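Remarks on the overall topology
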Amino acid sequence: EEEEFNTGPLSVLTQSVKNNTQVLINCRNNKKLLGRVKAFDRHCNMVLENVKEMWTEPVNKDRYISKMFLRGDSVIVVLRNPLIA
Amino acid sequence: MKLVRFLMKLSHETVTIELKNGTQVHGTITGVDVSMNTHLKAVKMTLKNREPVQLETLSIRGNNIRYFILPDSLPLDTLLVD
Amino acid sequence: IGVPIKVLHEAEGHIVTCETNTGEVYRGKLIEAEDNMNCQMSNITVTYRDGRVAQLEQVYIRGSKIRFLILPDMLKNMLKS
Amino acid sequence: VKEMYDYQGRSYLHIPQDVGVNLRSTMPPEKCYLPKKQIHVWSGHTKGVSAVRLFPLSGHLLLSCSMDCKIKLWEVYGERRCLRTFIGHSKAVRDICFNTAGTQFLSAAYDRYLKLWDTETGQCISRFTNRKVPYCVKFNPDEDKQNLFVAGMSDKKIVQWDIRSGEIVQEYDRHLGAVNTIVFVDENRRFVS
Amino acid sequence: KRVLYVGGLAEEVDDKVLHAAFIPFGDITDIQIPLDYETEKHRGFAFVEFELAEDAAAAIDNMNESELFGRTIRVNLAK
Amino acid sequence: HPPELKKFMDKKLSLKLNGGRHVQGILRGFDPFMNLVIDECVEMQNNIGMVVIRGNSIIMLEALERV
Amino acid sequence: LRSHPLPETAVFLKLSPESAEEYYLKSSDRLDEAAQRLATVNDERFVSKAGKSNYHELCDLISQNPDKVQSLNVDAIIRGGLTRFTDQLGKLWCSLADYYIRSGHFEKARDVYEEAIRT
Amino acid sequence: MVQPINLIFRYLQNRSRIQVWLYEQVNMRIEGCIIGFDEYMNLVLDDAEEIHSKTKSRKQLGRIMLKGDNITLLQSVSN
Amino acid sequence: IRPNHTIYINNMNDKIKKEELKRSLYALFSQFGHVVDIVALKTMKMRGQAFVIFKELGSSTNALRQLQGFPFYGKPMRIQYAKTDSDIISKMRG
Amino acid sequence: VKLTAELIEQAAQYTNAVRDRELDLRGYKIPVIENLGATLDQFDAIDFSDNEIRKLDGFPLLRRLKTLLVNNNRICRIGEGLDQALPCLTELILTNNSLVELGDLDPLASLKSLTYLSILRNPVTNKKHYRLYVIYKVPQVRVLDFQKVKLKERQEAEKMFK
Amino acid sequence: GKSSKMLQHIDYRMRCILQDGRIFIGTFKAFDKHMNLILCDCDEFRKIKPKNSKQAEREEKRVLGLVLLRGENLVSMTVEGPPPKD
Amino acid sequence: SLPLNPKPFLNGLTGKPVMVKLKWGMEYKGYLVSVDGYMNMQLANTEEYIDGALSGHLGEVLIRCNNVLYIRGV
RNA sequence: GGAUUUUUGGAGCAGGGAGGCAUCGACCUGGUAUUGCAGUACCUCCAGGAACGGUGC
């Protein structure tokens, strides 16, 4: 199982936790959560730090959330990048 | 690993939860179970496009949760230990 | 096996009302109720979302696509739990 | 007992339907298993069963041969019920075979006779003669020729019988001594005696 | 859960006696007593079906091991 | 478990599917997921022949025959 | 019984009068209902006494004993002993719960019943 | 009785061109030749097409693996 | 053609929609006894016709004699006993 | 043989030939329509044929009742608050009853959904202008006595009685 | 640990919120793994949950009776009133 | 081909340029790095095509399995 | 005592916008065909009418 977290597509999350790097999460709510992965699981539940939530309403909006838990079903996409840099 | 276990440790914390249907829930956790079914007390719940209502107790089916906003104080590194 | 499920099986042979996930409302005799809530019924009255009614002899609805069921009050009198 | 008919008119062969899994079922169920636990005694027979065979298509029914001159059908699902008994042989029944479609049924006994049966009534449809005791008998597998019987005889020969005529179609004399068993290596085309 | 088994019935007990003994718990829909036609007497047991399962339950609790016609009876869900 | 559908085998049926979609045809078989084989199927009308309906998307069925 | 059903649909004091006037086991349940209604005091216990006059009954009386524990004491214990069930240890459990907080010479008497043959 | 999975196995063997009804999307359907499939009804389609019922327009796809999540219905087409 | 539970009607105005035809047929024929079912199609073959099935046979005979040539939606209906027994009757009998 | 709750509870209940839920109250010799509350508003149709009812009245509020078959009774009068207890009454079959005066049919004007009306074999039928009178006073009817109410009849009924 | 969080509210009158946004108020008598619920003397509300709305408290109320709700379509529950004694 | 199944097809397509359509109509073109048992998908040098038009160049991307409509090699 | 009849779950996420367009269906006037023994998407055709009904943007 660890092997599948380590080398499979979830290695994106595994890599973000290890390097304390930022990732953008496109989300079902049409919102995007930008931050660092403290923890994750099979379902893509996550505990996130320094989250910048961004969305639109046209008007763009954002808000800072230091500490939060995301239920993984809401995940559409998870992006790793030269974002942290 | 199983992050629901982490949430199960948060009894007596106060949190804000955003629901899948947009509803916002602020209250004190009395219990999270294995299905992430969450139970609270002293709850101020604001359905999208209403003024808040206060409930002494509220019980949420786990699947209907989008995300929890945790106390800034929360010592995550402690809670992530098993 | 769940407590509500046992009570559902108890309503077999009684007149029950069923609303689907799409809000169509089916009233008639419950012939068979499966464990997963799959429902065989007969001599139905169906009331659509526009309000109109129709009549059907025989129906079978998948459990997942049921929102809820109304059972007789004859059952109410499983008080142990 | 009082079997007669079941349900609303369903035969004691036509549909397996109730049992977990599916009789129509693809040929390989899965990676196979070996059993420890025994479920049904069955009995009925006061003498050792001569033979046991399942049912054409999928194991819906099971059929047994008694040396008490008797043949019995069974659920084959561990179910208590034995369907309809058959009686009509003088001496112990040696072997049997089923109609590929599954409606007819054939038995051979040491009484020098061979009988064609209606699996749905127990009716002795036809009896085939000849002096020699008949050992293993098969029914042609091919859809085209369900009609032909192939009977192996103690007296060297194998004989094809036209079911409709009841007459001998084709004798096979090449073999020496007794014939024990006949299979079909490829349906219709060949068989190994 | 509406049908009860009732055993340990004395010879004098019949469907009328059973109706009278169990009706205090609730309405009854059926009472069956298997008979031996060679003797014309019952075999010592019967099945009593209540209209409501809750009533059948109360009957089991109060009638099991109770006395009827001088002897102890046995009462429980039939199946 | 199997769905209890043997009663409906080889009968003409009216199938309400998600998306407000409706088809009619003869039941030729099923599996534990309630996936169906429907023969002589008609989209409600245009004839589509023998088809597979995934049980997932089956809302309701109604017999057009007496069972 | 249908009149009792329509009266049940009508159903609280006057309904209790209609029920008591209507009043085998159903009358006892109606008596327990009269006790639950009257207690909503001692008069309800009197209704429990009339319910005892109606006679099951033992169970109901035992329940009533739970509602008023220090109310009658030895008299309540006598009501228990007067009942007469052939086994009926559960009553011994009731006396046991009564003694956890009661004691006295009476506790010893309760223990003595305990000596009585059963299991 | 024909089992649904087997029908598919037939579609596969036949190389009949197949038209798929998708879940909760009526304006588009998918077409192709089933080359293989799995226990989840996930399909490998060849020379596949998006079919716009509204626009009468076809989008050319080639090698497609369609998740079974989307499958409402499976039909065969002569084309 | 012997008396039958089912009556065959022809010479009916085929412009009436099928569900309306069946409902008026039911209404009209209810006066003689319970009508179990009505079979009426608009195919070329079957248009302008209907089979009305009654629980009681006496009801069918009374209907036949009393409504022969009754003006229905403009035309005089022609009634006769059906050639065969209705499937529903055969199932209800055996 | 009063129409009672007990009577209704043992009465044949079924899905009729036109696919509606119908209650069978035929041939009981009922004289007065009463106690319909016990049907619990669960029927689309109620068959009261071959009884002895005198007045079409006495109904509770029944929202699902759409068809009333009242053949071979003794109906001589129609109650005045019928729409208040039967709002969706769409079909009324009164064949072979006792309505004698055109004015006795007046209460049917208040049944807003009434579309199928049959009054055959009633003395009232032979009264001069019976058809035009019904058409003008109960315009919501589309089929009268199994014949289509046509435009020309409506106009003709507009002249007379205007 | 305790499993009680549902069992506590059993027998109580409960306000249950559905996924479409309906309000089911009934006596909470049973539940299960899926949160399929058994609700006695159950009514449905659509427009409001009253907190003493001076105009009226009740619009689009429907009496249902004995209801079994499937857990799939349940969102949440709060205590509405104490158990009826009966 | 002689039966070509979902799983092998996807495995053959690892190391290759793919495009994934999601149920929601977004499209993502990139090199398929890997897939897992649940058919979650990992792209590199991802690009986003919405309305079939290049929207955003995104880099390395995880797509949750339940979102996927279909995958195409391209 | 996490592998298909409970309790280690296959769930999940997604709806407002505006104050005409597209499709489906009865439908209403005239006139016209059809007279046949049935178990049903729907049911003649021809011309005219829709300040009709539903669904989506």
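Residues numbered from 1 in each chain as written, not as in the entry; some residues may be left out. Chains lettered and ligands numbered in written order. Part of a larger assembly, values for the part shown. Heavy atoms only, no water. Residues with missing side-chain atoms left out of burial classes, pairs and counts.

Going by the header, the method for this PDB entry is cryo-EM, and the resolution given is 2.90 Å.

Thoughts on the overall build of chain I
Quick note on the threshold: Strands here mean DSSP runs of E at least two residues long; helices mean DSSP runs of H or I at least four residues long; both are numbered from the N terminus. Radius of gyration here is computed from C-alpha atoms only, and the compact-globule reference equals 2.2 Å multiplied by the residue count raised to the power 0.38. In what follows, residue pairs with any heavy atoms lying within 4.5 Å of each other are defined as contacts.
Counting its secondary structure elements, chain I contains three helices and six strands. Mapped from its N terminus to its C terminus, chain I presents α and β elements in the order β-α-β-β-α-β-β-β-α. Radius of gyration (C-alpha) of chain I: 12 Å, near the 12 Å computed for a compact globule of 94 residues. Projected onto the principal axes, the alpha-carbon positions of chain I cover approximately 35 × 25 × 25 Å. Within chain I, residue pairs in contact and separated by at least 24 positions form 64% of the contacts whose partners lie at least 6 positions apart.

Comments concerning the overall build of chain H
Across its full length, chain H carries one helix and five strands. Reading chain H from its N terminus to its C terminus gives the helix and strand order α-β-β-β-β-β. If you line up chain H on its principal axes, its C-alpha atoms span 40 × 25 × 20 Å. Within chain H, residue pairs in contact and separated by at least 24 positions form 35% of the contacts whose partners lie at least 6 positions apart.

Description of the sheet that holds strand β1 (residues 6-10) of chain I
Within a sheet, neighbouring strands are paired by backbone hydrogen bonds and run either parallel or antiparallel to one another. Residue and element names in this part refer to chain I. Test applied: Strands are labelled as partners when DSSP assigns at least two bridges between them. A fitted line through C-alpha atoms represents every axis, and for helices the fit uses only the stretch in contact; the resulting angles, taken between N-to-C directions, go from 0 to 180 degrees.
Pairing is antiparallel across the open sheet formed by four strands, whose spatial order is β2-β3-β1-β6. Only two strands of the sheet have a single partner each, and these edge strands are β2 (35-39) and β6 (78-81). Along the sheet, successive strands turn relative to each other by an average axial angle of 25 degrees, direction set aside. As paired strands, β2 and strand β3 (residues 50-54) are joined by four bridges and run antiparallel to one another. Within the sheet, the bridge partner assigned to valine 39 lies in β3 and is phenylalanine 51.

Things to note about the UniProt feature "domain: Sm" in chain H
What counts, and what does not: UniProt positions are given in the numbering used here, feature names are shortened, and annotations may be inferred rather than shown by experiment.
When the UniProt feature table is mapped onto this chain, "domain: Sm" is found at residues 5-79 of chain H. End-to-end, the C-alpha atoms of residues 5-79 of chain H are 23 Å apart, and along that stretch the chain is 13% helix and 61% strand.

Looking at the interface of chain L and chain A
Accessible area lost on assembly of the parts is the figure often given for the size of an interface. Heads up, the condition is: Amino acids are sorted into nonpolar (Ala, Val, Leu, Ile, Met, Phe, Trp, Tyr, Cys and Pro), charged (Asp, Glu, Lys and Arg) and polar (every other residue, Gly among them).
The partner chain A presents nine residues to the eleven residues of chain L that form the contact. When contributions to the side of chain L that touches chain A are tallied by element, the ones reaching two or more residues are β3 (41-50) and β4 (53-63) of chain L. The element best represented in the side of chain L that touches chain A is β4 of chain L, accounting for six residues. Of the residues contributing to the side of chain L that touches chain A, the split by class is five nonpolar, four polar and two charged.

Considerations on the sheet that holds strand β5 (residues 45-50) of chain E
Residues and elements named next belong to chain E. Spatially, β2-β5-β1-β8 is the arrangement adopted by the four strands of the open sheet, whose pairing is antiparallel. Edge positions in the sheet fall to β2 (28-32) and β8 (74-77), since each has one partner strand and no second. This sheet shows a mean twist of 20 degrees between the axes of neighbouring strands, independent of strand direction. The pairing of β2 with β5 spans four bridges and is antiparallel. Looking across to β5, one finds that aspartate 30 is bridged to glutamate 49.

A look at the arrangement of the chains
The two units chain F and chain J are non-contacting; their minimal C-alpha-C-alpha distance is 12 Å. Nothing in chain H touches chain K, and the closest approach of their C-alpha atoms is 18 Å.

Considerations on the environment of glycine 29 of chain F
Counting through the fold element by element, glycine 29 of chain F comes out in strand β2 (residues 21-30). Each C-alpha atom of the pair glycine 29 of chain F and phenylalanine 8 of chain F lies 9.3 Å from the other, and the pair is 21 residues apart in sequence. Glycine 29 of chain F has contacts with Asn35, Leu36 and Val37 of chain F together with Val2 of chain H, leaving out every residue within four places of it along the chain.

Quick notes on the pairing of β3 of chain L
All names here are of chain L. Where strand β2 (residues 27-35) lies against β3, seven bridges are found, and the strand directions are antiparallel. Directly across from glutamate 27, in β3, lies its bridge partner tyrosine 49. The loop that links β2 with its antiparallel partner β3 comprises five residues; one of these, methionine 39, has a positive phi angle of about 70 degrees. Pairing of β3 with β4, which is carried by eight bridges, proceeds in the antiparallel orientation. Following the sheet pairing, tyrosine 49 is matched in β4 by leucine 54. Adjacent in sequence and paired antiparallel, β3 and β4 are bridged by two residues, among which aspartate 51 carries a positive phi angle near 60 degrees.

Details of the environment of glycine 7 of chain E
In this fold, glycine 7 of chain E is placed in strand β1 (residues 3-7). Discounting chain neighbours no more than four positions away, the residues touching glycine 7 of chain E are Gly44, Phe45, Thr72, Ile73 and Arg74 of chain E.

Focus: unusual backbone geometry
Although it is not a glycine, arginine 84 of chain G sits at a positive phi angle of roughly 90 degrees. One can find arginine 84 of chain G in the loop between α6 (74-83) and α7 (90-102). Positive phi, normally seen in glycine, also occurs at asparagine 35 of chain J, with a value near 60 degrees. In this fold, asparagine 35 of chain J is placed in the loop between β2 (21-24) and β3 (45-47).

Focus on the packing of helix α3 (residues 25-38) of chain G against helix α4 (residues 42-54) of chain G
All names here are of chain G. Rules: For classification purposes, an angle smaller than 35 degrees is called roughly parallel, one larger than 145 roughly antiparallel, one from 65 to 115 roughly perpendicular, and anything else oblique.
Look at α3 against α4: their axes get within 8 Å of each other, and the N-to-C directions meet at 175 degrees. One element, α3, and the other, α4, form an angle in the roughly antiparallel class. Contact with α3, carried on its side by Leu31, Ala34, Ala35 and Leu38, involves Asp43, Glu44, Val47 and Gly51 of α4 and no other residues of that element. A class-by-class count of the residues in the contact of α3 with α4 yields five nonpolar, one polar and two charged.

Thoughts on the pairing of strand β1 (residues 14-19) of chain B
All names here are of chain B. Direction of pairing for β1 relative to strand β2 (residues 24-32): antiparallel, over a ladder of five bridges. Bridge pairing in β2 links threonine 16 to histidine 26. Linking β1 back to β2 in an antiparallel pair, the connection comprises four residues, with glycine 22 at a positive phi of about 85 degrees. Relative to strand β5 (residues 65-69), β1 runs antiparallel, the two sharing four bridges. Bridge pairing links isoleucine 17 to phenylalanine 68 in β5.

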